[PDB]
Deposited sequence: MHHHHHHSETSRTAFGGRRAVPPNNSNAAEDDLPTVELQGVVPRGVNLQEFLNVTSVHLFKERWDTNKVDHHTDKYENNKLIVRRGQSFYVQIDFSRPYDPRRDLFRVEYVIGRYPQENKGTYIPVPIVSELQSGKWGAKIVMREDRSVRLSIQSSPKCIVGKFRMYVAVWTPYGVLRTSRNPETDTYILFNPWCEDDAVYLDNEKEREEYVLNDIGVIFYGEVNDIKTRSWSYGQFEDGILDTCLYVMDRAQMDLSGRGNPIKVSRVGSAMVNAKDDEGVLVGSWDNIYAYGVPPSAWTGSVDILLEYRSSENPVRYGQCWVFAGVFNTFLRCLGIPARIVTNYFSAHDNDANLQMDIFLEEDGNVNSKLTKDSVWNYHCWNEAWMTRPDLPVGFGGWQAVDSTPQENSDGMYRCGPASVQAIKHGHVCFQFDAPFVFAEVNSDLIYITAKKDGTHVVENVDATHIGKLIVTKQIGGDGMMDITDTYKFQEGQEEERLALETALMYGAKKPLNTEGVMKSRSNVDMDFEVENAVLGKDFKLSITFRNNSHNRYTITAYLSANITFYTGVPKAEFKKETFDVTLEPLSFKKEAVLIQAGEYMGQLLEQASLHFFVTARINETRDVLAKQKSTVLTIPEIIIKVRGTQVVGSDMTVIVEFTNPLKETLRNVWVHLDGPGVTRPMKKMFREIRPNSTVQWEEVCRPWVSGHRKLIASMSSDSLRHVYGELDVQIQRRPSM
């Protein structure tokens, strides 16, 4: 029986006796709770540190994967020799522990990374203060809180108390959260800013509409939970931002599901509010909850505004993007078919259309396709039987890898379909998607983001990416490998073509090399090349692309990978061959050891060891040792380090600062450069 309503609740017993308990049992032996404090004022550290102090809501609101403080007052002081209790968080009418909807929180000695637990951080008289840590994959919603005391006769639990109901939201500040955004200014704009601007008009007459998202106003968070209940969205999926944003794209429009907003373009808007009269999302959302029926009426920017409120309210970073000359493909062939024969012609173009982007990893897609995902709640085309759209990886759209779910071919057509005047009379390859914009961070100005959706018009890559997309919808094989790729060195990208036919072919291709975060979120393109090659019959040809250290070393970060796209067209047949692969750079190690006591004022020897990882000789090797408070900076030069050879460097020093210190070593030579090692040291 589906647990698909946050509003519904089950009734947990307060005296949960087990077996045939004898008359005359004395339960006074056991702890009972006299009071629970959540420290939930909007000035206190829970709501401030969780960035939830702005909600007009008197209950505790926290973000998942981050700890918060509560205090439990007991009937006598908690004594771990004789007493055992746990906190419980419960959601829905049919909670189940294996579905994440009944959450036991054990009292533990030390919090464990990523795991639910509560640590006692203070005991005074009858009270214990707990640091409670939630899982960064926690279901998002409004949970009921209980304290459960375990006895030989069963569990004794606190009564239902709506005043301790606790909202747990997505956490863009938590590095283990799927919606993690590592930039504070972007978090303020895309999560915490409750007003914004939606661009409209025409390419050469750009206008701006202010919009009040109002995600912190009284009732709005509860309405967003209500929207998911009205979707009959299983609670177990509400911790997954892919599922939340996709449900949101269906539910913000009224089609199919009694969603929030009824679309109309008829210039009359009978018995409703005309789409151009709204100036924000709050009135719409609150009317949906109070009337429990769709609100009339909206168009693209109103849908986007309300969808933006939904996403930001729940904690998914989100923004509104505007596409000038936005194509509406009606037959999913990824082009505008213009016959004007108004009866045969179904496809159309809007002066502008706008939709939302929501920020998240895509663990269902290969690494490289996380980050901004296009989601669209304006009804246009059905997606798997419902008016919804996305999340579509913007990075997948750019390279035409529209095979990756969801609805990427449609969004591609919106931003870059060709106009085909049809016998084919004429082709316009540059009209659709002339400019794509979103509000800038920290101002009302316009940010051009066209380049995130597509390559520049006129460039060969824009052609090659479009043919890839149409292919995803000659007897030549294409593959590529990265030859022995070591951090700090140039390396080769080897593209091989195998021609099994008797035909001579010409090939036009591009290469895109990108840095990617460990979670699969794209960071930056650092190399882009187009090239042409001739392919003799019955032959194999390898095309080696040199990737110099300078091209990527400036944009790396911890556990980053490299993401390569290669797309080649066989010109005589127009066949497309498109591959994408990621690789992790082999990382040279530098080992730091310390010998002797590490006391502030006595001498300790630091040993820096480095092994040449290459089959080539390193020359003019500079090793540096850094360690504020531990050593003045020092340097060692090695003229030559032979292949697979190890050098060792001993450096005496006397620390000037006690406590947890750090040693950092660096190595740079004429080829391999900027490889590091580190060691934490405690200085007694």
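Missing from the model, by position in the deposited sequence, are residues 1 to 21, 361 to 366, 450 to 457, 509 to 522, 734 to 738.
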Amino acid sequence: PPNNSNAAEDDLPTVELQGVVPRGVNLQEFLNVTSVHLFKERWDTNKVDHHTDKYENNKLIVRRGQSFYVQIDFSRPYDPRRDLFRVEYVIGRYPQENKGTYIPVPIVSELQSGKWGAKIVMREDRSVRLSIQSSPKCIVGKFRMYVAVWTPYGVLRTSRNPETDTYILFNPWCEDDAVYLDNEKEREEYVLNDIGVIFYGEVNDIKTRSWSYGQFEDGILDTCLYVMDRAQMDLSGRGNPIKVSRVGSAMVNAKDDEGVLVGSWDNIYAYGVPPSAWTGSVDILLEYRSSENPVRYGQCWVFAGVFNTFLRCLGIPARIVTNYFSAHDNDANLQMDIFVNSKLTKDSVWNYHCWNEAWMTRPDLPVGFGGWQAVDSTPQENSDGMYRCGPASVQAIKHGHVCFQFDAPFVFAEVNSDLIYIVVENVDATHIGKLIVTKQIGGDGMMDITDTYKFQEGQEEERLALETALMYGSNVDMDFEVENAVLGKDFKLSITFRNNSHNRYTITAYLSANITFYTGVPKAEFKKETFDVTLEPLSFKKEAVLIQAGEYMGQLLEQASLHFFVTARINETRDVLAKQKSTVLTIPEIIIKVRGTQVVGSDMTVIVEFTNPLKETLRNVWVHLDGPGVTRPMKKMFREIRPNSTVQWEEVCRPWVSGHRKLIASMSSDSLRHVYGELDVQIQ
From here on, numbers count along this sequence of modelled residues.
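Of the other structures of this protein that model both sides of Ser658, a third or more give it no coordinates.
Modelled in this chain, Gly473 is nonetheless unresolved in at least one third of the other entries of the protein that span it on both sides. Note on 582 to 590 vs 295 to 303: mean CA B-factor is higher in 582 to 590. The PDB entry records a higher mean C-alpha B factor for 592 to 600 than for its counterpart among 592 to 600 and 378 to 386. For the set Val657, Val48, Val62, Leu31, the PDB entry puts the maximum C-alpha B factor at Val657.
Take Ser276, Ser212, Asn503, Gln133 and read off each C-alpha B-factor from the entry; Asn503 has the highest.
The entry lists a Cα temperature factor for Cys354 that places it in the middle third of the chain's modelled residues.
Sort the chain's modelled residues by C-alpha temperature factor and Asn26 lands in the highest third, per the entry. In the PDB entry, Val105 places in the lowest third of its chain by CA B-factor. The entry lists a Cα temperature factor for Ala524 that places it in the middle third of the chain's modelled residues. Annotation for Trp622: C-alpha temperature factor in the middle third relative to the rest of the modelled chain, per the entry.
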